[PDB]
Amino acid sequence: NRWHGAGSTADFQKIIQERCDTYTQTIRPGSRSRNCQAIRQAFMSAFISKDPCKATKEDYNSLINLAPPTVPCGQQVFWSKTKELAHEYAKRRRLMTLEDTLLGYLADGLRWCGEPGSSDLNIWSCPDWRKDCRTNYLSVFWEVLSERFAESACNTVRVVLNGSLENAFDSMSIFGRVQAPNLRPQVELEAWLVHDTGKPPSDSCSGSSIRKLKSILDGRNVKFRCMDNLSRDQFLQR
């Protein structure tokens, strides 16, 4: 197919419904009950048969309202450029990243796109964010989910950043661009800049990029505590 991105995950619909069952029954049973058939149907309806490069935030409002990415106060974890580590940290400390919310869990690691005049997914290729269009259903999903995740944050939240990069805070990242500026006001944020096993840090809490982050948080009336110069192992020990 013509897009520069990999095609939709095979059997997407089955995966998201089975993941929904597993999540609602065995991961976060609670609660209030949710219909996973309805959630799957809402997920498909958001993007199926639509122009794969005209995704808007508004296409996802209904899906999100069925299961907002809300995490109990003091359990929320943000991350940027630290995928593996942040999730290991969350899993071990019993915390929740975006990928641990119902909708994040459904979509984590999946790919999807549709095609006008078709009720099927495009399993051949999907729009690439850089080569094709930013406004694609995969990228917009994560942007909008990220935004609501940031909005619903409460009490103490933590963020895991990459101390082996020149700028641990990337203002063009999803964290920098969508999450930090939408963080609920008056929450408290603790940041951990963590470096490879490995090697001396390339960024710190005193670096320019973190000062940029503090400036955004000052604006959101968010108290900020930053810790750095820790290796992955040292971090996971504290």
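In this text, residue numbers run from 1 along the sequence as written.
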Exercise. Looking at the entry, does 40-48 or 23-31 show the higher mean C-alpha B-factor?
Worked result: 23-31
Exercise. Which of the two stretches, 64-72 or 193-201, shows the higher mean Cα temperature factor in the record?
Worked result: 193-201
Seminar exercise, completed: Per the deposited B-factor column, the C-alpha that peaks among 124, 142, 149, 78 belongs to 124
Seminar exercise, completed: Temperature factor at the Cα of residue 186, chain-ranked in thirds, falls in the highest
Exercise. Which third, lowest, middle or highest, does the CA B-factor of residue 83 fall in along this chain?
Worked result: highest
Seminar exercise, completed: Split the chain's modelled residues into thirds by Cα B-factor; residue 218 lands in the highest
For this session: Can you work out whether the C-alpha temperature factor of residue 135 puts it in the lowest, middle or highest third of the chain?
Result: middle
Problem set entry | residue 153, C-alpha B-factor rank within chain (lowest, middle or highest third) | lowest
